Amino acid sequence: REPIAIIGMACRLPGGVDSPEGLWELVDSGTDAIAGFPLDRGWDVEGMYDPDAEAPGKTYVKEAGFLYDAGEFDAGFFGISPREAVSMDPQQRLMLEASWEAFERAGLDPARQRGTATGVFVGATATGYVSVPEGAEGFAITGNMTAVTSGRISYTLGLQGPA
Amino acid sequence: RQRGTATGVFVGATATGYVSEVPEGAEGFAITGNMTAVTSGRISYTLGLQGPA
Amino acid sequence: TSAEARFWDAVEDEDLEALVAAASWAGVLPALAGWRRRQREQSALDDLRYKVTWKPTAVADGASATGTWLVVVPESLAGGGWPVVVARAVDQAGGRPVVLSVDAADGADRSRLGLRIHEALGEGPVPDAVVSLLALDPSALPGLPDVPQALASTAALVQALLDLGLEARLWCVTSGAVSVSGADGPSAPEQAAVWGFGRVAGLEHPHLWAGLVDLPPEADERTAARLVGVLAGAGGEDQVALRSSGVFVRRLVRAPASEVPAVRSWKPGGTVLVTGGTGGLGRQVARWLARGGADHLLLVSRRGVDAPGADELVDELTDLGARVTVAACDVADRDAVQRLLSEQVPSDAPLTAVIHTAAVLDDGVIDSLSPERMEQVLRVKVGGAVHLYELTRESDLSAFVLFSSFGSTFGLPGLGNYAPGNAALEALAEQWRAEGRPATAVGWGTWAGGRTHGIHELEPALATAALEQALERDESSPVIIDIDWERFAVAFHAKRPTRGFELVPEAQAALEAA
Amino acid sequence: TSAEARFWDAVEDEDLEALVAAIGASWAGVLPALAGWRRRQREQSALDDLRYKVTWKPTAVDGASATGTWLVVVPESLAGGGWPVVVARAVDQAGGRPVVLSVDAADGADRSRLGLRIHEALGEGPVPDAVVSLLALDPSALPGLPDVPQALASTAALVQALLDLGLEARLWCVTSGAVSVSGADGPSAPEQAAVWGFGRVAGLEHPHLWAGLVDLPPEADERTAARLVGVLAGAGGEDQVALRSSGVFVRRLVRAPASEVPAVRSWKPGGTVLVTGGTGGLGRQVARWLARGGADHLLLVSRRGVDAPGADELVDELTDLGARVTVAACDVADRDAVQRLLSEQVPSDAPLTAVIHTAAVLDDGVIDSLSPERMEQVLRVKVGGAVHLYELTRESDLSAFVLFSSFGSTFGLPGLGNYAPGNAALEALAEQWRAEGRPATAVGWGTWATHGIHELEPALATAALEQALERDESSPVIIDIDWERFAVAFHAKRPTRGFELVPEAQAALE
């Protein structure tokens, strides 16, 4: 029952949060980050509204918590081509940058974790990003597999513990 | 007789395209009925198991 | 595909012999051709329809305050709320602020404000940016009540910077000028008029004008830091609004009324008052209402029966089955409007709707505009609508239509003494809907008869039918305009680079191909 | 979604209640025919995805530097004049050392003798850097095996003789009049086109050894010989080029633009449709298509006839469609057997209107294991049968004479060395017969019913053939390619620029 030290953290949450201190500033200031649905995702934001809960395919909710920069990613840093990046689920992309940052905040050079017994335990679900660019349907398969949300971190950083 | 016991349920499963057309009113059932998490949790619910699913 | 197109060609032409090869079709074909005909008609009206919207954007890690910043603050507020936090934010962002307190009379005057600016920045260096908080005073201009202090101060500050010859970019800040969501309160028209002015100032003087930025009701160090972050940041966005939620940017988006169901029916009953009813758009409104079975029409104008064509317009309207009354009345005079709403409206035909299309044109470049020229325009545009709204409170109206313009929606050069009044009408409608009244502000494009650098003139038949559909759907702020995005998006982007048309796919396609 | 989209969903789902709701009783009879029309349009879009065509792209060429010694292999008939003299000087001009090895027809078609003559020509000196072969410039047939061209037997014996020696030099195979770049350029030679079919397979089996193919114009020239060495020694990644007076051209596969307009030249069948290999796999599918289209008499031919595996089963199906069937056990390779077949079996009331050549021997193997005897068996029926049928049917105005080629010829696949040359020869025969004012079509077929290449459903394949016949489609390529995995696997074996104009293949590699 040994206590487990938290030595690094990383996050991107609604209201401009991209770090643990940004999250602290949000709750310390008592800020409400709920805002309008994103307008750059092909959603029929105008047509989907209806106050009647029984209306099919509609929603009575007009605002929620979003990462309005969910598609922003340094593909080149992780050796991912622009076309693989487009067909890659943003959940995998967000996990790659957050994982890199969390190791850095722990005072750990993420590249010195190559070949270590470092495990990756991720909670995630399939959210239908692929509802595809030419020459990237193969990339779209692993790029949208829920198992690869954890596995790609171990692959990219050469971690040898379970993902 | 396993109701109320510390019985865990560990399932390896992936979501498939069973439901993308469901009966009227059965929309609530379509949600839990196609959640990969419920593939394990349903066993614990139906048999009253108290360990993690 | 061309096979699918050839199928529809035979359906629309109603050719049975061609369709069977490509009978039971005989009874089906005219019902299918009628549905396809109705969809083309609906598609024609929908192409004209847009709406202003606020795009939530990611909060950027803004750059430092590069250089000395002149923060022009009004005296009325003094160092208390917003002025204290914005100066502290510029200071902590690596910049040297120089606060300048200004009188209400000094803020309105061009030459007096310019002298005060040269006096404050005299010893120090030439600034790289100017941040004006003068729009935060909600009071009216002394002597000229229809001119707000916010619009007059913002006009005097921009034209004073041209006289002084300073290169510093001007960022004008407001609070409650725009409403980004339902929860957000209705917009203050005295501050919304500054946004109407700012879009025109942006096009006439692209380097001088940096942009507009709206602030939440309360002041705080958190939003002040966000403010200087967007002013000193990379930019691109010249119309932003800061709220608790984060950052919002003004956008234009298509608003097709096809999937939106037709709530309520446009049944013109009783008396429908139409200001400017003897000529221009009001004359086309009168024709539209008389065709829809209007009982009584009270067409108003400051000329009345002596207006050109009023003699045969009344004949045309009574021939369409509609009782008509034409009266000479200055809508800017509250007493005249009160007498009109008691003598001219009959008992058997009570007032059910008002269509405000009254205005006086006095166009000129920002450099030539003065508060005196603004008062004449705002007296009838805003003042008339305020008088007609306040005097018809007890009456139960079905609709109150304010005629706005594309000059407010996005702006054009020369419309600096035209767009502010239209923007104040849009904000007035929001205030009236918050009180539970059926106000509607219509962002109209140019009409046939009465600039084609992409903006095509609207055909009155399409324009009135698009207005009718919007009324039949409780649309708050419909934008009705015929735009050739292939030419307009490039022409507007050349005058001033903006991302306002980013969510119109035809406009974004034109910008990428360049 | 939109109102037009909702309309088509109710048509496909065959939901009458939702259909009248999507628009403003007689719909019951309309809905099945309309949904059937919508189904044929989806299959037409799938058919459009199968169409490709081999084209020749002009390319710019500037004094390339040649290195090492260049072994120029040549037939003994042409040595001393023509192309062999000007090519030997062009390599000497560029820096290289020519070694013009003159070889006769007997030593040229045998790998042991050819390899021994190469070993003796090179001698104790340094190994060559390039091997330029002019052996394909022999138009004669092999002695005793008339269906094997000297050009093909020599090219096969050369690549395998070089493998036996293990010289590591890059083999550039030169040819003349094997390809047509501009249509009116001139019809191709089947003996030399077979060399390209062989060459594409050799390119994938031995990528380092095989450098490529270069077609030459008819008359020899100093400027053309200079441009020949310019592309061999030059830094050009083009393995299939053709030189003409106009300039340099490169072979490219490209999607054929979709029809999208009525094909008002309906496939009108009648009389007698001769079909070789009718009892076989592809032959049976063609017979089904013709009998369904409304043929009068289908003269199926094969080595077995009625005593085949499923001949009685096929005849009992075909009779119900509305056509008389007369199958025969005659070998298409023997000329005397075809002469008597076009009189004893074909009746006078229904004369020969069309010919569909689909006969082939089931032989396939790697380049190393091939021999001239093994190649005679395949080319006896594939090429030999086609020329015998064409020459005898000259006294009759045919509607169509389709030849069944293959994807192995169009782009090549390893292990098709005794298969692709015959298919490439058919392509050359078709353009030679079209020049004579006769109707001919060489269809580069895919697999019917290998990775990347999906099997074509026979119904969709015969529909593509029918639409190609309705159009005056010269050499259509009909195949279902999974460009994503195919273009990567093809590049892994041999990096090529041939699939550059196909957007799907170009994207796959990036």
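The basis for the numbers below is simple: all heavy atoms, side chains too, and nothing from hydrogens, waters or symmetry mates. Quick note on labels: first sequence line is chain A, next is B, and so on, each numbered from 1.
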> At a heavy-atom separation under 4.5 Å, does C/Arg226 approach chain A through its side chain, its backbone, both, or neither?
Replying inline: side chain

> Given a strict heavy-atom distance threshold of 4.5 Å, which part of A/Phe66 is in contact with chain C: side chain, backbone, both, or neither?
Replying inline: neither

> For A/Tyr68 and C/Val59, what are the C-alpha separation, side-chain angles and deciding distance, and is it a side-chain contact (heavy atoms from CB on, under 4.5 Å)?
Replying inline: CA-CA 9 Å; A/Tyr68 297 110; C/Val59 175; over 6 Å; no

> Would C/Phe488 and C/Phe406 count as a close aromatic pair, with their ring centres under 6.0 Å?
Replying inline: no

> Which of parallel (below 30°), tilted (30 to 60°) and perpendicular (above 60°) describes C/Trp485 and C/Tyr50?
Replying inline: perpendicular

>> Checking C/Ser187 against C/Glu430: is there a side-chain donor and acceptor pair closer than 3.5 Å?
In response: yes

>> Report which part of C/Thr57 has an atom under 4.5 Å of a heavy atom belonging to chain A: side chain, backbone, both, or neither.
In response: backbone

> Checking A/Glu72 against chain C: side chain, backbone, both or neither under 4.5 Å from a heavy atom?
Replying inline: neither

